[PDB]
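So this first bit is one chain, no partners, the form solved without ligand MTX, shown in structure tokens.
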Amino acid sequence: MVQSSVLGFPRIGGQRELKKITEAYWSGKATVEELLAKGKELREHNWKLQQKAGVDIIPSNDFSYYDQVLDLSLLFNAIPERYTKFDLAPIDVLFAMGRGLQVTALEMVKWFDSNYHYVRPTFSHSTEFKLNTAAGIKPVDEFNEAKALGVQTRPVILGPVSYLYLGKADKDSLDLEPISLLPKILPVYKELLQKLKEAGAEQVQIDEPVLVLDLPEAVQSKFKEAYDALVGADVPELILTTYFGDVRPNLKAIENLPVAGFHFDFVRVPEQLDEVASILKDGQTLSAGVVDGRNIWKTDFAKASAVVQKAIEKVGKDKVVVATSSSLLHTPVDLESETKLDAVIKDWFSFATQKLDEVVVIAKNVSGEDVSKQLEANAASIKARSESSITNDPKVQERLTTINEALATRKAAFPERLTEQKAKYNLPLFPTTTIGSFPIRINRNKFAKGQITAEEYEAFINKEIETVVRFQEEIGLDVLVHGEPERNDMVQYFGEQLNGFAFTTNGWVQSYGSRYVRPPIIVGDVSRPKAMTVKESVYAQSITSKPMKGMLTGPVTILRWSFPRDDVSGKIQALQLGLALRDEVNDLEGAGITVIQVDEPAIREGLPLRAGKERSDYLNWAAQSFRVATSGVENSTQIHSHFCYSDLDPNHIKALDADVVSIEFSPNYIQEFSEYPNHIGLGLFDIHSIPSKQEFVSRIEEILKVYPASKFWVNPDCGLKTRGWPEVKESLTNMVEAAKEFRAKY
């Protein structure tokens, strides 16, 4: 009998219970006892769900109130002094680190190339590692909970090498290399593992996902060092677990480890199987990650079972486990909550709950149990998807054949374009602009029910546009925005107006802490049926003689912030999105909106995890899909791009050939753009929470020393959606007043 395994379950609750109770706690409506009660209930619910499904190896310690990495920081006493001076209990120290205290919060960081964020482990020279036993030892206590329910679980802990390597030296210790602290942390891991075995844990999932990165040789050697120290008869068996990538470049590092087994991601990298299976020693198990833990597609059982069979061939059926490819943290909780999706489409999907049934069916299948009814129903679902008209749109398929270098190049290089733009706009030196958003629900809500006219709703959006435009005029901004009050979010607003997308009612996935996202789903070939943004931009331009920026989200961001298709490449999807947005750009320009900003916040997030062909191909096609969107315009049309990064690759920025770029900036990297003719707006203040006309005049005089004033735009770090009016007013006034003082001396 081949076992099934789940590497982690999302903890938000099928009804977002966790959000409700954590936010109620943080607001004071709920006690900490009520919060812990709800967490216990959620875990119990999830453990029973997995047991009922038939899952053999069920996780524990996967639950969290905020972040599992943060949970290990707490447990291991990686707690900076600043969070201990407030008389907080252990859980409120946790929340303080996670979300600050109203001390700013520890840094939030993308978890590999997933859409989840963890809280960066933060270490000092003074860090003293030890088991915080005051709180409770979370993994022991939750194992013990599950056991009292009659559920044996496998505790999940992030391993020592990854935990340190993904961490960072605190402000006070800028010279510390986190991985040097390995000898100090190992005893604390060993102790935790002894306690788990004593509680009755026979196996632990020890996550070492840093194995899918490019690791320095000096870091590669630390696996043998760590795992030699931990394994022994007084600890559970350890299953060294990787996901999201290819371990092959690091095989030498793990080829001689004493651990009980390994897990690999054969969804993202099925081709690594032969080689990784080759390092397995007699006695070691191979966990075959074959049900995707980061997307929503029903798994092809025929294909997944074949992969598992390849593994069985290598190491024996006794030593193979059918697993999720990663934790199901990255997927929504339950497809049965969806009430609006057409049943044809819904048939193509599986969310977390359904993935439990999948790993179980695939394990039965390879074990020789009769699951022919389930295989046949699955083969039907797969065939229906691949045959559907939603999936392949001949028009889009033909249009993709027009893509090339030419379609992705402007009519003239920037120097000739600048001449034509200068003639048209005559923008002064140190032109001032902002990034788009300014400081809601009832009219939206009643429009959605038919309680107010299309006519009635358009009036309030327009009044708000008007308010914002007059504001920016009043304070003398040179290139204006409409404020984006009609938009809810920067991806759904587009996806809802594109063919090839589906939307959930309840497909929530945790992004960070209690902030959850409900991504769009790309189901098929994408196209744009009609204008998406034109009406509001035109209105906004009709009420000022200042140039008005059109505002779009780029193709890569729409792709990366959606659940993508798993039957066609990322590239193909981004190019279809580039083509759709090209039509939008063409419509904006035709209608007189000839300054257009395209925002690509998610470019760095999608970067392939290792150096090599895949990474360089990605940078090439990311840039190309942007250029396909933006290259049809006249020379006198001014294309802007905004990036929410401080040190994004200068090379990639040049590849976009945007007339103007805005970059967050509030070291010497401004010099990288010296002999690059296109214009740059280095963000002057953090819109996350007034500077003075002097503080600005010092910041611009600072920058102005390393960069030509003729190329320099003045703007904030990002949109001011997430701010209040009174500080927006004073902050922007100062900003413009500053520019004018420079504008005077040139």
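Residue indices: 1-based, along the sequence shown. Whichever C-alpha set is largest while still superposing within 1.5 Å between the two forms counts as the rigid core.
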{"item": "Comparing 540 to 548 and 312 to 320 where Cα RMS over structures and residues is taken in 9 other deposited structures of this protein (core fit), larger one", "value": "540 to 548"}
{"item": "Stretch farther from the shown model on average in 9 other deposited structures of this protein, with CA RMS computed after core superposition (373 to 381, 461 to 469)", "value": "461 to 469"}
{"item": "Missing coords for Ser569 in a third or more of other PDB entries", "value": "no"}
{"item": "At least a third of other PDB entries omit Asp686", "value": "yes"}
{"item": "Absent coordinates between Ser666 and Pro667 - deposited residues affected, binned into four classes", "value": "4 to 9"}
{"item": "Residues with no coordinates between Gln102 and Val103, taken from the deposited sequence as a class", "value": "10 or more"}
{"item": "Between the two ranges 639 to 647 and 496 to 504, the one averaging a larger CA B factor in the entry", "value": "639 to 647"}
{"item": "Selected stretch [higher average CA B-factor]: 6 to 14 or 719 to 727", "value": "719 to 727"}
{"item": "Given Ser662, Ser327, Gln203, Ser337, the residue at which the Cα B factor reaches its maximum", "value": "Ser662"}
{"item": "From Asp599, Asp357, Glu142, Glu675, residue of greatest CA B-factor", "value": "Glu675"}
{"item": "Entry-reported Cα temperature factor of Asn488, expressed as the chain third it lands in", "value": "highest"}
{"item": "Where the record places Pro80 (Cα B-factor, split into thirds across the chain)", "value": "highest"}
{"item": "Third of chain Cα B-factors occupied by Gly283", "value": "middle"}
{"item": "Ranked against its chain, the third holding the CA B-factor of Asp587", "value": "lowest"}
{"item": "Ranked C-alpha temperature factor of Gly39 among modelled chain residues, by third", "value": "middle"}
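Absent from the display: the form solved in complex with ligand MTX. The rest refers to it.
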| property | result |
| --- | --- |
| Partner-contacting position among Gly245, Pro520, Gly98, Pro121 - heavy atom within 4.5 Å of ligand MTX in the entry with it bound | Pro520 |
| Residue among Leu213, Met490, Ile653, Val366 with a heavy atom within 4.5 Å of ligand MTX in the entry with it bound | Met490 |
| Candidate stretches 134 to 142, 505 to 513, 86 to 94, 203 to 211, one within 4.5 Å of ligand MTX in the entry with it bound by heavy atom | 505 to 513 |
| Non-hydrogen atom contact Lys19 with ligand MTX in the entry with it bound at 4.5 angstroms | yes |
| In the entry with it bound, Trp561 touching ligand MTX (heavy atom, 4.5 Å) | yes |
